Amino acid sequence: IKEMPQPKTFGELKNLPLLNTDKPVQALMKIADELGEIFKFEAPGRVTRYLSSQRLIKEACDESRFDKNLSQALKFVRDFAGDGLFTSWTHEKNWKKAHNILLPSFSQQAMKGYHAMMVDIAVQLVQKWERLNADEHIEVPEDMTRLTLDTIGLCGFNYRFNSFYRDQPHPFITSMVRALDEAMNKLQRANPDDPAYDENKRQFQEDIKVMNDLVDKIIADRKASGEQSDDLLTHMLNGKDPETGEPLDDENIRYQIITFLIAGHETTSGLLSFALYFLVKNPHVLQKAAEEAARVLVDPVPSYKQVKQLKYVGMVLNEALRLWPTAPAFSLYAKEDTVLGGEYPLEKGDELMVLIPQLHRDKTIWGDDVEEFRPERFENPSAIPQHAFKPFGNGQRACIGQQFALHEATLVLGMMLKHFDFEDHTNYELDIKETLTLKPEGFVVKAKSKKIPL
């Protein structure tokens, strides 16, 4: 049994000031590069261990030994996402109840029903870019966020954010973004009770009220109209858990909708932004993906079956998730006393953090060339060792949105590659901004139309 490395300390604050940065994931990645597959991290009243190797993470992903933990970040997000799926413990009644009711709404089969709505938003993006003048550029993560927010709004609850009609966000999104910022900002605070944070606290309660008031209204309005539109809100108002025989209540429905709007704004847009980043930095790869898009997408409007045929586009998206998993960490706790990797003894309740970008850089799995962008790593799914590739987390607490995110992203990237050539006109230097998620800040391109009608 070995003694675990630990990064540099700050007296009574232990390791906490290491999170005093706007790029804490990138900081934890550097520490893992220096210390290796496991390190201890201590704050006043808190210990966790950061895992980076497939060897240890495959053990952490054993659901008989470890369950999902709410990290401090998830506990602060729970002040507005409540006992929605993402911020509930596995043992809370509302977790399994919502999971049973919603799984069918998120299946690959259910994507056939969402396809038309996703095409509506995708075509708005392509039209935007077609309509730019020769001297203008594309603000990539800004546009991808407009698309992914609007898609979840229309598939989630038949609501149009109309993000392509606006520079300034919807009132709901102003409060959601500012609540998410406060939740992440509170991680690093040594003295959170200091009156310097009274205004932050006041503003946070106001933003929770805005989100609650606006979603509660959408739900009340739907119940009144009796309208049976094919969206997540209808499924949640009509669904019954086969286990309990119970439907979700209106409060839990509101938490699910806030949770989906977080995910729709934060995660899929990062994936699309990194994918386009890697393609413009790897023009041989962009040509392979552009050739597939041109060959497969033969109709003005892509069909569900055509999106399923975009294999190489799917490989580009998986290789973007390998290098920059846009939801880059999850947390586990030990169900019982156990020994991790024959070396590290854990007590019941001990917590683990999985650093997904480091897992995805494990040379024992991927080979020496782990920094190269090579979609061919994913030519064959079954060749990927179990628990090597975890951009959607683990087991029964894995992302319910995975099929949705990949269908949207494959559709969008396919249409972008059909309709435009791209130029990295500024020779962009990757700058990764961290919120809940990772995005390439300031990433801009020029698009030259191939002038193919919709």
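For every residue, the number given is its place in the sequence shown, counted from 1. Definition used throughout: the rigid core is the maximal C-alpha set that superposes within 1.5 Å between two forms.
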> So if we fit everything on the core, which stretch drifts more in 9 other deposited structures of this protein, 349 to 357 or 181 to 189, C-alphas only?
Replying inline: 181 to 189
>> Given a rigid core fit, name the stretch, 230 to 238 or 210 to 218, whose C-alphas are on average farther from the form shown here in 9 other deposited structures of this protein.
In response: 210 to 218
>> Please compare 168 to 176 with 134 to 142 and say which has the higher mean C-alpha temperature factor in the record.
In response: 168 to 176
> Should the higher mean CA B-factor in the entry be assigned to 286 to 294 or to 198 to 206?
Replying inline: 198 to 206
> From 263, 370, 117, 74, which pick has the Cα B-factor that tops the rest in the entry?
Replying inline: 370
> Which is it among 188, 318, 273, 162: the one with the largest CA B-factor in the entry?
Replying inline: 188
> Sorting the chain's CA B-factors, does residue 36 end up in the lowest, middle or highest third?
Replying inline: middle
>> Lowest, middle or highest third: which one holds residue 336 when the chain's residues are ordered by CA B-factor from the entry?
In response: highest
>> Which third, lowest, middle or highest, does the C-alpha temperature factor of residue 84 belong to within its own chain?
In response: lowest
> Is the Cα B-factor recorded for residue 47 in the lowest, middle or highest third of its chain?
Replying inline: highest
>> Looking at the temperature factor on the CA atom of residue 359, which third of the chain's modelled residues does it land in?
In response: lowest
